[PDB]
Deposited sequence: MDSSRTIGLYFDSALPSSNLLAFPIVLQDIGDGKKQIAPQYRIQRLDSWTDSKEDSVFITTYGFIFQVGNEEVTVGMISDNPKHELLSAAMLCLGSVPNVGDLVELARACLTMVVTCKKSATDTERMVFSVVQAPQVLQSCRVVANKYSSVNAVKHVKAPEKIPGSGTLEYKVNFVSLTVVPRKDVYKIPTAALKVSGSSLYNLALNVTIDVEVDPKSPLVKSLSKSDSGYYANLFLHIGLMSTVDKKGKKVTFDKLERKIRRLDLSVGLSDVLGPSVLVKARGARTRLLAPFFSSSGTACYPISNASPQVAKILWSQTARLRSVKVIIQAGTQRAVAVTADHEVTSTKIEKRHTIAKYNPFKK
């Protein structure tokens, strides 16, 4: 309380039985290296209505893709509001929400969702409460919040398969991230979070790369050595919105050969929380948040071994500026 974004928890909000002002935010990842070839990543947030004649079922999240870093950004956000979108349930291996673009301004025509006229997304990652969405009827999605992020050719989402690579000659590099969330203590959201005296916070565990267990001359890397490599890697970590709430990791120092594919050639990686942990992602649709702590953790490199081998904590990383505030249009 009281940013207007809190309503994006619907229906898990106090007044759930029975448009207030369209908001927008703009985040630059690197305000010093602005280019016309940078991409503007655009996320919508809003509400699924049943067809007043109009019933509020759920908050929902719709990624548009990107557009070149061209034009005035606040007007690009205004165009996101005049978009007309319909959605139905569907399902493939899981429940899907199919959104259809009915109409959209010309400025949005080069992003993937608008170019394709549709988007089909995992419903548990994109809808607050899919159990609430009828399998039939006439449904509508109303965009009320627009969030744009300008990102330099840091392009860098690790392909999912590479996040699942594993083996007994490897360690799994991972981050134990805790996130403070601002919330009304009488909100039902509060139920699923931890309580400290510093406040309510969420826990996230995130796999960030891989390392070798073994020397150039066969066995075997000492912990001290491993931690020196981690230290040199000199991590910084923030919260962002880049097609959904996202964890940004930046190495300011060199990568080892195994860690190298897990970052762009400029030392950055972007992790969509909605794949990492879908319940944390949806919380952050609605509540302001910032990193409480980030500890870097080493675990064995197969889940079988994770089960029998204790984790090695090393150090904290800096917290690198994790984000924009929602504002009304003026």
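> Which parts of the deposited chain sequence are absent from the coordinates, listed in sequence order?
Replying inline: Counting from residue 1, the stretches without coordinates are 1-13, 32-35, 69-81, 186, 354-355, 364.
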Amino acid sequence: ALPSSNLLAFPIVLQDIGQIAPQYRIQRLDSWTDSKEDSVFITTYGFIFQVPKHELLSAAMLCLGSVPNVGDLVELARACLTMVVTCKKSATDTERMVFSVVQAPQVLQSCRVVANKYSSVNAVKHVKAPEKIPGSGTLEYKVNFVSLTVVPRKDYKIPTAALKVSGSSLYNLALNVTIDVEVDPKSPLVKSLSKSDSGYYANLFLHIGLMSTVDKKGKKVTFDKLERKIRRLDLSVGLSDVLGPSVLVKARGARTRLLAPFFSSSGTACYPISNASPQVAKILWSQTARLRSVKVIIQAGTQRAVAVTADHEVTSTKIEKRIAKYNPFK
From here on, numbers count along this sequence of modelled residues.
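> Averaging C-alpha B-factors over each stretch, which comes out higher, 277-285 or 24-32?
Replying inline: For C-alpha atoms only, the mean B-factor is higher in 24-32.
> Averaging C-alpha B-factors over each stretch, which comes out higher, 168-176 or 192-200?
Replying inline: Stretch with the higher mean C-alpha B-factor: 192-200.
> Which listed residue, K89, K125, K220, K142, has the largest C-alpha temperature factor in the record?
Replying inline: The record points to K220.
>> For the CA B factor values reported in this entry, which option in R292, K295, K53, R304 has the top one?
In response: When the deposited C-alpha B-factors of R292, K295, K53, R304 are compared, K53 is largest.
> By its CA B factor, does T268 count among the lowest, middle or highest third of the modelled residues in the chain?
Replying inline: For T268, the deposited C-alpha B-factor lands in the middle third.
> C-alpha B factor of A9, ranked within the chain: lowest, middle or highest third?
Replying inline: For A9, the deposited C-alpha B-factor lands in the lowest third.
>> Is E131 in the lowest, middle or highest third of its chain when residues are ranked by C-alpha B-factor?
In response: Ranked within chain, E131 CA B lands in the lowest tercile.
> Compared with the other modelled residues in the chain, in which third is the CA B-factor of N116?
Replying inline: Middle third.
> Comparing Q19 with the other modelled residues of its chain, is its CA B-factor in the lowest, middle or highest third?
Replying inline: Lowest third - that is where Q19 ends up once the chain's C-alpha B-factors are sorted.
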